[PDB]
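Student: Residue numbers (full-length UniProt numbering), protein chains in the order written: chain A, 42 to 80, 82 to 146, 148 to 249, 254 to 340; chain B, 7 to 37, 56 to 185; chain C, 708 to 757; chain D, 1 to 155; chain E, 1 to 134; chain F, 1 to 98; chain G, 99 to 135, 173 to 240, 248 to 287, 294 to 322, 324 to 395, 398 to 428, 430 to 448, 453 to 488; chain H, 14 to 124.
One structure, as structure tokens, below. Some questions next.
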Amino acid sequence: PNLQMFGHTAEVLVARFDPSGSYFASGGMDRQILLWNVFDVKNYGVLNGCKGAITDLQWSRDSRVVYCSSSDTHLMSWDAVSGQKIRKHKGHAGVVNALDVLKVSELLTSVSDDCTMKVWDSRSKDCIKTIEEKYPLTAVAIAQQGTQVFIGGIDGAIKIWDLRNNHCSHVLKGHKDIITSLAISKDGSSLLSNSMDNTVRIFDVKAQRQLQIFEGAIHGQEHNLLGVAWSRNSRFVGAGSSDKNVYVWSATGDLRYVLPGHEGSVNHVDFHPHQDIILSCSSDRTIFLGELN
Amino acid sequence: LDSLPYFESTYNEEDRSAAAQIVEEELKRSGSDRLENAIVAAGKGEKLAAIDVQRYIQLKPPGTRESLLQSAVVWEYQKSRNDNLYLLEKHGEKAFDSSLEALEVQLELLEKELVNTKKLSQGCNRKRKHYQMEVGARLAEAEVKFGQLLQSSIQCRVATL
Amino acid sequence: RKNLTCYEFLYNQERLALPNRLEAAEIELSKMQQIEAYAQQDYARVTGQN
Amino acid sequence: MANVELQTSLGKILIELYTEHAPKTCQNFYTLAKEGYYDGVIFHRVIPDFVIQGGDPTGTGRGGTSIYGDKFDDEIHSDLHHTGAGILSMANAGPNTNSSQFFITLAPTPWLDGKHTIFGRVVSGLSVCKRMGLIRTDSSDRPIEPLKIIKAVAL
Amino acid sequence: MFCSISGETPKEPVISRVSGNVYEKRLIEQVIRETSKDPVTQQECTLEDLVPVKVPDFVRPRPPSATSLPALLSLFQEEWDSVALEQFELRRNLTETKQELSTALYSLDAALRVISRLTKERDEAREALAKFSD
Amino acid sequence: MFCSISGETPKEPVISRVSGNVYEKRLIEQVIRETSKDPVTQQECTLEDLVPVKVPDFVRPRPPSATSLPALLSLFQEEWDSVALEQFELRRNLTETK
Amino acid sequence: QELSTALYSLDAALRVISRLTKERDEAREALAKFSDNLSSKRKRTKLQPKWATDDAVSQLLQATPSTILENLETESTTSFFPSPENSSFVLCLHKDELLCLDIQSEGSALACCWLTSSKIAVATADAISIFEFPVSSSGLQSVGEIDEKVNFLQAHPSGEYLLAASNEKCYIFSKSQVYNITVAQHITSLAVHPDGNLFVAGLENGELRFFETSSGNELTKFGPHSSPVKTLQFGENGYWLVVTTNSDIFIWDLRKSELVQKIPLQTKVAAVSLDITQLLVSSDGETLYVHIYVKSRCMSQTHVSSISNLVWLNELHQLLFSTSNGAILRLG
Amino acid sequence: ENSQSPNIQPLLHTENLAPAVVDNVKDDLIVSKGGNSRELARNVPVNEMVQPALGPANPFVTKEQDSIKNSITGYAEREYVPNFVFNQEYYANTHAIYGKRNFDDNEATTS
């Protein structure tokens, strides 16, 4: 099958599976996160409260608590079993754009239009660290180790920071413009990155040079943050584009699947943790589950 | 045990000649019937067919009591012959072409089995092909990762000094 | 018929040999990853002395 | 150098095959006709005063394969040209992409000389190819009634 | 259309009900008396278990030069020549298949020892590259 | 050569194992699906009971001819069995003349 | 069907080797270019302390000096058998130091074998004969007649048959007499494997030929030596063979048919005699040396003047014996 | 030795070039056929997806027939552009049109 489920009122942004592979969550401009099943593809809770639009979901690695990143500074927290509020992580003085989580579900990183990175504990309700750069930040990724945090800004310079040192250790180079989504592999050994130059580049974690520049997935005037993912094997790379197409790569530098279906710009493509399924979201208010037999 | 035929396109005749020598060196190391069957095997071994009655055809006029018999043999078989050619000509070519039709039904059945074998033979090879291409990729994936470590382990040690 | 029974047999003996081919290389890969996994740590400990 | 007979829903068509010129083109066609591959197939293109192509098992336009595997090379000779009305020739998607599909010209076509592999000419049923080539069509040059191939006999 | 014992074209074909295969009656009736079982499948089979089949009968055109003379002399001679020199040549073919069997299995086992010898060789050479790094 | 139900030349002959007779598969299959029986003898028969016509196994045959040893032996029966009746024509006519 | 499935699977399994060989090869230059940039048995400690304890020169004639061959009786190793330059075969008792018999009958004696029955002994010679003797009757009971010098002599496991080799290119079992048409050259030595089914013959053109006795067939050939084979010895372990030629001793594993170790002596050294005790291997010729088989040198004697022609182990390696061109039989 | 090896290798390699290529091509067409005509429901690789038409191409074909038109004049399809982008886009285009009529470039937009 394919399954193009409808439900949201307005532009949807982010849609992700549990780490387990038993649910979706989705939510964009609706101010409504809508949970789903995978295997009778039905809705669940209408997580209501966020007074800004959602920009990023992420399941806790317990598969119970959910975290948002509203446009009104809040980062909310939700008990996916019951569906009640837990907290309002009040901090930033602007619009949050990305979130990331660890193994230990306890630490979270967010990224504002205040040019401020901030690490959060799920127990304090306050910031543990505050890394002020200069130009409004956009994408962030934290490693599996719980050590390296990658920041993506407007300079095209993916900076790398550790939790012990807090020094500008390294800076990725050769990306001319804008970053819309970082993504660390299931190894902890390589990033993915969507630039506004349409060069969906991979980078190294440890020597730190490029690997493979992919090219063929356009951003334009919309200025949405488009996403990228690593497949459960780390064989395939799934980048969406404003051309209504989900450009899946071969990770060897070869375009295999280029499946259309959406009527509007695509945002955050994902992969299921085990069985080969693709979550693809788009302003359109629609979502697909593209499979491979 | 495993040796990919479809995938291995770089297997030369020299490699067969090479591997044949290594297999050859391991070989240098290791180093109901009765009387019927007796006369039949003797006839085939000796390459000689048993002689039949070469008598009826030749014969001779003013012979004796012996050729009086041989003469009377020729008559009865000639009358049987001329009766044996009458019942053939009566039917004639109808009896022959009726058997010719049977031979065409017999022939076409064999070539239908040639096709059934042809299809299932190509069908088995067709399944093998996919398996070869599946794993040959996985082996390619392994070797790339192998070469990455090989140089990665070096570049770690080079810097440590 | 001879070639049918050949390709029939070739299928059965080959199909088992590939898992054994791969599983060997799979374990061969696992060991290579360990040397990669440690060699980094000694490099990482160069920054601790500084 | 053997002929072939086609039985359609309009009439019978006999065709000579120039196998001496084109051995592979008349090896592919002849094998599929006998096997029962062209049976129940529609002449999916029909153009008044041009051609009536066929050989689509899928019934789409992007269908059909050869007996060799998927597609084979063309074989052009200067002896064989499109000068006439009723000339059997193989359709293609470039230089070396001949599938099962063929066609029967209704008038002279100098501009198709050098591209497509000609491999036969219609002997009997020239009235059927003129009558078949004047059938009502859609804007996508498809006949409104599917003109089927009922049986392909190999003589 | 043929018999599944002699390689005949049967005059009175009969089919067995345990394994669907047509035999000529005389040849299947002989097998059941020798050992009461089906020759192909080795399943229990008796003479009463058989089922006679009917067909439009088989016709052979007796040659134009057909008499008691060639049928006694030339034709019957050729038949016992063709039986004799074929089975002798067939016994020669069975003898070589067993000899060529022995050359097959020996060369096979010779290859097994090469693989086993090279399986210890390769992985230890790869292992030594892994140890070299240290 | 013929199918006993229709009378056509059957393009897929399958012989039954209750009434020995060569039927066309497509014809006999419909006869079995109507009622599980053999059309001629009306004995019970299923589709698995029916068996296609096959090459014997591994022994190669040759067509039925005058050369073939068994066909030549059944010929010599016809010779003698006819000549035995020829003797009666002369034994019976001798018993009238004498 | 078995023929077809085998031939297909054979050439299929053959492609495994072609692949395997090229990968093995790649591992070599890679690493090369990188690395560039029995409670009674006398044990080795005690054996190492052996010294000459006797040297007997009177077994054979003073005027035709030299002992050319040695064996000990397997059922009593104090009974010694020697072949002389003097054309005589001698039985000597180590305990009593008496010659029990001097056996006469037309050229020097170059091989001797002592039967376990104690009363039968065997010899062979360049006179082309093999002789069977009664010790108690001091007599020759059989003269078995090769067309040229007999180069080797070995008693079968049953005790009932003798294998011989010769310069006439044949081996014989004394019942059958066989040569290799293909090899066609002088056989220089012969020994049975201890189970009595196979044997080895060394050749003048540096081959060790292995034979199946029952089938009378040449089942394997071990190459690698240069010059004439001089001596071969099968171990009682049943899987080792030691061979020598004109200055190496090569060790063969009969299960793998491979030469797994080679002891290379200097190019002047002549290895004339090899024998296992299976703990120890002795060699003799230029001098006497004994090696431990487990780790591959534990004893070295140079008492003889000129060539040592024979060496042997007493029971449980409680002594070593050697014979020389210098006339002596020595015990260590 | 050399004759038996050449027969087995040709048997192993050459057998899959004919029927396996046509059978997999048919199964590739069948999934696309089950997918209908104008909706790729079978998730095929980009290279296999295209599948050109094939044929001689109708020669007469005037300009008016050649374009694929949903609604007579041209193909028309739904769009999902944020309005702010469309409004922003629209104004810039108009200025260029006025400028040509004006005949004045009016410099570049600045801070």
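For each residue, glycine too, the CB sits at the ideal point set by N, CA and C.
How long is the line joining the alpha carbons of residue 26 of chain A and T754 of chain C, rounded to whole angstroms?
Tutor: In the structure displayed, chain A extends from 42 to 340; residue 26 of chain A sits before or after that span and is not available.
Student: List in chain order: all unbroken alpha helix (DSSP H) runs of 4+ residues lying wholly within the region 77-115 of chain B.
Tutor: 89-108, 110-115, all fully within the region 77-115 of chain B.
Student: Please report the distance separating the alpha-carbon of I118 of chain D from that of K12 of chain D.
Tutor: Taking the fourth sequence and counting its residues from 1, the one referred to as residue 118 of chain D is at position 118. Taking the fourth sequence and counting its residues from 1, the one referred to as residue 12 of chain D is at position 12. C-alpha separation (whole angstroms): 21 Å.
Student: Applying the 10 Å Cβ sphere with the 16-neighbour rule, what's the burial state of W204 of chain A?
Tutor: As a position in the first sequence, residue 204 of chain A is number 161, starting the count at 1. Per the 10 Å Cβ criterion, buried.
Student: Strictly below 8 Å CB to CB, what residues from chain H border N710 of chain C?
Tutor: Here residue 710 of chain C refers to the residue found at position 3 of the third sequence. Chain H residues near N710 of chain C: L24.
Student: Relative to the C-alpha of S119 of chain A, which candidate in A:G308, A:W163, A:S155 has its C-alpha closest?
Tutor: Translated into positions along the first sequence, residue 119 of chain A becomes position 77. For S119 of chain A, the nearest C-alpha among the options comes from A:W163.
Student: Alpha carbon to alpha carbon, how far is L310 of chain G from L257 of chain G? Give it in angstroms, no decimals.
Tutor: On the seventh sequence, position 115 is the one that residue 257 of chain G refers to. On the seventh sequence, position 162 is the one that residue 310 of chain G refers to. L257 of chain G and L310 of chain G: Cα-Cα distance of roughly 11 Å.
Student: Find the residues of chain H that neighbour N140 of chain B, judging by a C-beta separation of less than 7 Å, and give them in chain order.
Tutor: For the purposes of this step, residue 140 of chain B is taken as residue 116 along the second sequence, with counting starting at 1. In chain order: nothing, as chain H lies at least about 13 Å away.
Student: What three-state label does DSSP hand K142 of chain B in the structure shown?
Tutor: As a working mapping, residue 142 of chain B is identified with position 118 in the second sequence. Helix at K142 of chain B.
Student: Quick one: which unbroken beta strand (DSSP E) runs of 3-plus residues sit fully inside the UniProt domain "PPIase cyclophilin-type" (1-154) of chain D? Chain order, please.
Tutor: Runs of the beta strand (DSSP E) inside the UniProt domain "PPIase cyclophilin-type" (1-154) of chain D: 4-8, 12-16, 87-92, 98-104, 117-124, 148-154.
Student: In chain B, what lies closer than 8 Å to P39 of chain F by C-beta?
Tutor: Against the sixth sequence, residue 39 of chain F aligns to sequence position 39. Result: empty, since nearest Cβ-Cβ is about 22 Å, beyond 8 Å.
Student: Using a Cβ-Cβ distance cut-off of 9 Å, determine whether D331 of chain A contacts chain H.
Tutor: Locating residue 331 of chain A in the first sequence gives position 284, counting from the first residue. Taking Cβ atoms only, chain H reaches closer than 9 Å to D331 of chain A, which makes this a yes.
Student: Under 9 Å between C-beta atoms, does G94 of chain A make it to chain H?
Tutor: Residue mapping note: residue 94 of chain A aligns to position 52 of the first sequence, counting from 1. So no, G94 of chain A is outside the interface.
Student: Just the chain B side, please: which residues come within less than 7 Å of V22 of chain E by C-beta, in chain order?
Tutor: Within the fifth sequence, the letter at position 22 stands for residue 22 of chain E. Within 7 Å Cβ-Cβ: nothing; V22 of chain E doesn't reach chain B, min ~13 Å.
Student: Any beta carbon of chain C sitting closer than 9 Å to that of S176 of chain B?
Tutor: Numbered from its first residue, the second sequence carries residue 176 of chain B at position 152. It does: the Cβ of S176 of chain B has a partner Cβ on chain C nearer than 9 Å.
Student: Quick one: does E77 of chain H have its CB under 9 Å from some CB of chain C?
Tutor: Within the eighth sequence, numbered from 1, the residue matching residue 77 of chain H stands at position 64. Closer than 9 Å: no.
Student: Applying the 10 Å Cβ sphere with the 16-neighbour rule, what's the burial state of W186 of chain G?
Tutor: Numbered from its first residue, the seventh sequence carries residue 186 of chain G at position 51. When all chains shown are included, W186 of chain G counts as exposed.
Student: What are the boundary residues of the beta strand (DSSP E) that includes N366 of chain G?
Tutor: Counting from one through the seventh sequence, the residue named residue 366 of chain G turns up at place 217. That run of the beta strand (DSSP E) goes 366-371.
Student: Give me the chain G residues within the contact set of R122 of chain E, using Cβ-Cβ distance strictly less than 8 Å, ordered along the chain.
Tutor: As a first step, residue 122 of chain E is located in the fifth sequence; it is residue number 122 there, counting from the start. Those within 8 Å of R122 of chain E in chain G are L118, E121, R122, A125.
Student: Among the residues of its own chain, which have a CB less than 6 Å from the CB of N206 of chain G, if the five just before and after it don't count?
Tutor: Here residue 206 of chain G refers to the residue found at position 71 of the seventh sequence. Cβ neighbours of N206 of chain G beyond the five flanking positions: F216, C254, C255, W256.
Student: Quick check: the region 50-61 of chain H against the region 77-85 of chain D, are at least 3 beta-carbon pairs closer than 8 Å?
Tutor: Verdict: no, contact absent.
Student: Considering only C-alpha positions, which residue in the set E:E100, E:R117, E:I5, E:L118 is nearest to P56 of chain F?
Tutor: The residue labelled residue 56 of chain F in the question sits at position 56 within the sixth sequence. Answer by Cα proximity: E:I5.
Student: State yes or no: is the beta carbon of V31 of chain E nearer than 9 Å to at least one beta carbon in chain F?
Tutor: The residue given as residue 31 of chain E occupies position 31 in the fifth sequence. Chain F contact via Cβ: absent.
Student: For the region 23-33 of chain H and the region 276-285 of chain A, state whether three or more C-beta atom pairs, one from each stretch, are separated by less than 8 Å.
Tutor: They do not touch, by the three-pair rule.
Student: Just to make sure I have the definition right: I need the residues of chain H whose C-beta is within less than 7 Å of the C-beta of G337 of chain A. Which are they?
Tutor: The residue you call residue 337 of chain A lines up with position 290 of the first sequence. The contacting residues are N56.
Student: From the beta carbon of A130 of chain E, is the nearest beta carbon of chain C less than 9 Å away?
Tutor: Taking the fifth sequence and counting its residues from 1, the one referred to as residue 130 of chain E is at position 130. Interface residue, yes.
Student: Taking a Cβ distance cut-off of 8 Å, strictly less, list which residues of the region 67-98 of chain F are near chain E, in chain order.
Tutor: Cβ contacts with chain E come from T67, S68, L69, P70, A71, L72, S74, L75, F76, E79.
Student: For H210 of chain A, which option in A:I185, A:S238, A:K127, A:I174 has the closest C-alpha, if you only look at C-alpha atoms?
Tutor: Start at 1 with the first residue of the first sequence, and residue 210 of chain A comes out as number 167. The shortest Cα separation from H210 of chain A among A:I185, A:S238, A:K127, A:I174 belongs to A:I174.
Student: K54 of chain E versus chain F: which residues are under 7 Å apart at the beta carbon?
Tutor: In the fifth sequence, residue 54 of chain E corresponds to position 54, counting from 1. Near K54 of chain E (Cβ distances below 7 Å), the residues of chain F are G20, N21.
Student: In angstroms with no decimal places, state the Cα-to-Cα distance between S9 of chain B and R113 of chain G.
Tutor: As a first step, residue 9 of chain B must be located in the second sequence, where it is residue number 3. As a first step, residue 113 of chain G must be located in the seventh sequence, where it is residue number 15. Each residue's Cα considered, the two are about 6 Å apart.
Student: If you measure between the beta carbons of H309 of chain A and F335 of chain A, is that distance less than 9 Å?
Tutor: As a working note, residue 309 of chain A is residue 262 in the first sequence. As a working note, residue 335 of chain A is residue 288 in the first sequence. It is a contact, given that the beta carbons lie within the stated cut-off.
Student: Determine the closest residue to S66 of chain D out of D:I87, D:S124, D:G120, D:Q27, with distance taken between C-alpha atoms.
Tutor: Start at 1 with the first residue of the fourth sequence, and residue 66 of chain D comes out as number 66. Of the listed residues, the one whose Cα sits closest to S66 of chain D is D:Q27.
Student: Output needed in chain order: residues of the region 66-93 of chain B with a Cβ under 7 Å from some Cβ in chain E.
Tutor: Within the region 66-93 of chain B, the qualifying residues are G67, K68, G69, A73, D76, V77, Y80.
Student: Taking all protein chains shown into account, decide if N98 of chain D is buried (16 or more other Cβ within 10 angstroms of its Cβ) or exposed.
Tutor: As a position in the fourth sequence, residue 98 of chain D is number 98, starting the count at 1. It is buried - the Cβ of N98 of chain D has at least 16 other Cβ atoms within 10 Å.
Student: Answer with yes or no whether the minimum CB distance from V129 of chain B to chain F is below 9 Å.
Tutor: Taking the second sequence and counting its residues from 1, the one referred to as residue 129 of chain B is at position 105. True, the Cβ-Cβ gap to chain F drops below 9 Å.
Student: Just the chain G side, please: which residues come within less than 7 Å of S107 of chain E by C-beta, in chain order?
Tutor: For the purposes of this step, residue 107 of chain E is taken as the residue at position 107 of the fifth sequence. Those are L108, listed as they occur along chain G.
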